[PDB]
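Shown next as structure tokens: one chain only, the form deposited in one PDB entry.
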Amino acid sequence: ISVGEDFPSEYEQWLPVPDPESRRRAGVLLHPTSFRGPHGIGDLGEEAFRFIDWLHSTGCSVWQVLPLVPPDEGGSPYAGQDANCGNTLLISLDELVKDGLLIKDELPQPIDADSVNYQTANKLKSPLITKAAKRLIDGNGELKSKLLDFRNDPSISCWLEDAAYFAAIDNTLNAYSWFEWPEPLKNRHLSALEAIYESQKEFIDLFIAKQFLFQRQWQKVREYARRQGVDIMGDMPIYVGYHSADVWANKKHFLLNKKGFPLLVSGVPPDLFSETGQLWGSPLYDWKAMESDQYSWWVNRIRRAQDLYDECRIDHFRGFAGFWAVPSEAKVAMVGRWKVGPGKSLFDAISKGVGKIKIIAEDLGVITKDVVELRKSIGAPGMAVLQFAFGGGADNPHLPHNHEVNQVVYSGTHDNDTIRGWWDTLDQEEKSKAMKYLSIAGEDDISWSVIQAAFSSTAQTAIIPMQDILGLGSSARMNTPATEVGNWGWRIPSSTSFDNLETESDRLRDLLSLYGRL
């Protein structure tokens, strides 16, 4: 219509429509090992479905988990034994009964494990998981046909075969790591791998069958989440452990010497958690090498993650701009150097290979100019953690008035204390600063005040740890960085069920309503 002319009679109702991709929402951070149950550890069975139902009733639409990789021996998902495999100790045994692979009589006696012991859980559950996998590979029915489909899926076998062979070799040998393996296994000579197949054929087929079982139980949890309107946000650990099929089967893509030993290892300089810095110990990526077959190993990680999650947190995102390299012999991280990461070049390859992708940049720590620019050049939202909001002055980016829309706000991460515990240890200048910003009734319910401040944010997504919805103290902390004992063990108390959290559900629902996050 030309300037000056009349509009049609429905001009007043030509109102702007809210973008569905801009929808405000809330979520809960809860790793599946924290579910209750009689087998020493949480699993992908009934408790997972009950939690989704409870989460649905709160109005939350996001469930954030830690990485689902097989953890290290202290329970850590961030130096896993493989990059793409699933933690087979998350397999529900009760579910294997529904699938026909176990009979009820075989299910073991319950144990009291108010925290996870990964070794206790392993001794109790692995015999039955192997028995179930044995019955699966023996059968000729529909489930066997689904296993064969899984195996020869081109994008499963490009990681699954190497991982089975690796697990098989490690079962044959007494060595501490693959560094000590004999040269022909260590460097993957065809005949040596052929011999391993012949002598460890059954073990290999069992390992592949256990990965199929994990895959199946997880995809069912995720379908049930989708059915109840819940997206699952996974977690992509930046580094993988030395003793893994990933490092072993792609030596030239890591920073190792001629004999396979790491030249440099991962960590961060002196920070909040340690005076000497955090020495993680992982091997590091030879980025110029990776660049040369298009980061195909990184592109397969993201493809695997797309199959497991709706959305994905990229751990230590800053590491792709610049990474901290410590000499491999060092006993502390504080002696080390910053090195140039792959930058945008990695993310263009992920785009080109995988397509459109929902990524959350965990951009916490030392944030330099090149990190901020990388995050913005791929469009990924960053993070705000309220527990870091009350040091410094009013320009602190974690304070609500400084949040952005394309961002996720946490009360805290799995690396922080709970709110209660954090408030208990808090320095007095930081505490009275926080009282001026927050709305506090009783200090008992400081959790709800912080949760309230997170939801009132302009940030599109607000994530709360289950510990803070339950108002738990420091004994419920999931992880303390720069410590080796007593992490990754927290479980929901055996006496709290998802049917006894109606008050919490309502109180949350009220807040999401109030801040337009339903």
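Note that the rigid core is defined as the largest set of C-alphas that superpose within 1.5 Å between two forms. The first residue of the sequence shown is number 1, and the count goes up from there.
Not pictured, yet referred to below: the form deposited in another entry.
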Rigid core superposition between this form and the one not shown: residue from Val230, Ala330, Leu206, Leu128 with Cα shift of 2 Å or more
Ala330
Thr503: with the rigid core matched between this form and the one not shown, does its Cα shift 2 Å or more?
no
So with the core overlaid, does the Cα of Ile378 end up 2 Å or more away between this form and the one not shown?
no
C-alpha of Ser9 off by 2 Å or more between this form and the one not shown on rigid core
yes
